[PDB]
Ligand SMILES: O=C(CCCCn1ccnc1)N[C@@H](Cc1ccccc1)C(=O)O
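What follows is one chain in structure tokens, specifically the form deposited without the ligand.
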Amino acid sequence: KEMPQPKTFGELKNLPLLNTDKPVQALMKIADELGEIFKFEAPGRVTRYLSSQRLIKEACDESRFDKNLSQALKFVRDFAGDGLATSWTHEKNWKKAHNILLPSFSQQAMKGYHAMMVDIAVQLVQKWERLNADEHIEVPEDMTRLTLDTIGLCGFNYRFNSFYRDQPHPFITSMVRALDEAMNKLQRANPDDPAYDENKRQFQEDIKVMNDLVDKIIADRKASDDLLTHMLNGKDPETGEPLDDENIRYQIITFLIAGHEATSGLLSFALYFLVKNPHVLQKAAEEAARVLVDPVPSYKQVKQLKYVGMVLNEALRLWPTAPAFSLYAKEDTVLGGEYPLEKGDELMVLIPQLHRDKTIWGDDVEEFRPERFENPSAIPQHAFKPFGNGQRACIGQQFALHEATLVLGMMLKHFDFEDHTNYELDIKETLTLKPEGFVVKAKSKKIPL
């Protein structure tokens, strides 16, 4: 079979299609036009975009395909280096850090983070309780305050104190700037052109901001049993080695970025979907009131918020906040019985499209219906992949979900929410997705913390 490909622009091939602020959403539209697979060419470059569970289940076979660093991740590697998310599977430092850091996400570790998560969640609830009449909430802004502070405190015993600031923590400003530059490089025809000299300067200036904080965090610890403890002291069972200093710095950067951005997106989409679906919101609120009987939630109570977990999964179905991942063929292989691939050939999994596979989910795929997840085991293998695949899946998945469940439960216990502007969904794309400009009003239910 000869594979579909979107419209081309002479020698630029398909490249100009990605000259947009919303590339994933563009690609989703192309996926709608062309189906389960399409070829995407740029000068000197080719990838194939996959949207169907039928094809993605083969792509997820680790014997045939391994994680690739997309062009995005390759640019992120300029500051994240050989940290876990931007390492190749065959780099010694991937498997070492993987073995060393996985215990930071054990059941006992998670129970250990719970009190610190509550610290930040209480800060968020207090902020909202303290608003005056008619004042409104900037949802993604506040969710980022929460998620950054949570990873900072839980992972590193470091307090970004984001609820003490009216604008983002400097770290975030540079992170966003650096990630935007990393994206802008995709289009650039002549990267070494003096025209971009200033962009390299601001890039390195933003990386420098990020690295200064990393030094602060490591300094402060020199003067806990968290992530950082494991980075500094943990030994890999296989090699018997610990991480070296250079790799440790990369992990810190990696975890500070990965550990907050997608989770803030998730919480924001979840609240967006709730205020757009009032019956669902009522059911979630009812669970929160029924389960969260104490002034502050326990770890076990969070685990009992079944419906809230369903709501979070349905939000990840529709808008998985890290919306793509890239694979390469380990050897020559045939995809789907129809698409021959050679060793090294690249694939991109367009996760929001996978999650709209009508053969898997039914015809109603645009509807927000958390009951799809009544029994998560009912979902076929490789049909729901918001956390990636296999040994290269999200290490922090349970952390994200615990924090998100705890926080949304508390939000639903303590406040009624109003979509006072009838917000029109506008999805901004950076490393991740978020509903830009999303605002609500919260009316306190006046329940003490």
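From 1 onward, residues are counted along the sequence shown.
Note that the form solved in complex with the ligand isn't included here; everything after this is about it.
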Blocked or open, judged by overlaying the ligand from its pose in the bound PDB entry and testing 2.4 Å from backbone or C-beta atoms:
open
Let me test this: is every residue among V24, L27 and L186 within 4.5 Å of the ligand in the bound PDB entry, going by heavy atom positions?
yes
Among the candidate stretches 335 to 343, 123 to 131, 268 to 276, 320 to 328, which one is within 4.5 Å of the ligand in the bound PDB entry when only heavy atoms are counted?
320 to 328
Can you pick the one in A72, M310, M116, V280 that has a heavy atom within 4.5 Å of the ligand in the bound PDB entry?
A72
The one option of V365, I360, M348, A288 with any heavy atom within 4.5 Å of the ligand in the bound PDB entry is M348
In the bound PDB entry, does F65 have a heavy atom within 4.5 Å of the ligand?
no
Just to confirm, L18 within 4.5 Å of the ligand in the bound PDB entry by heavy atoms?
yes
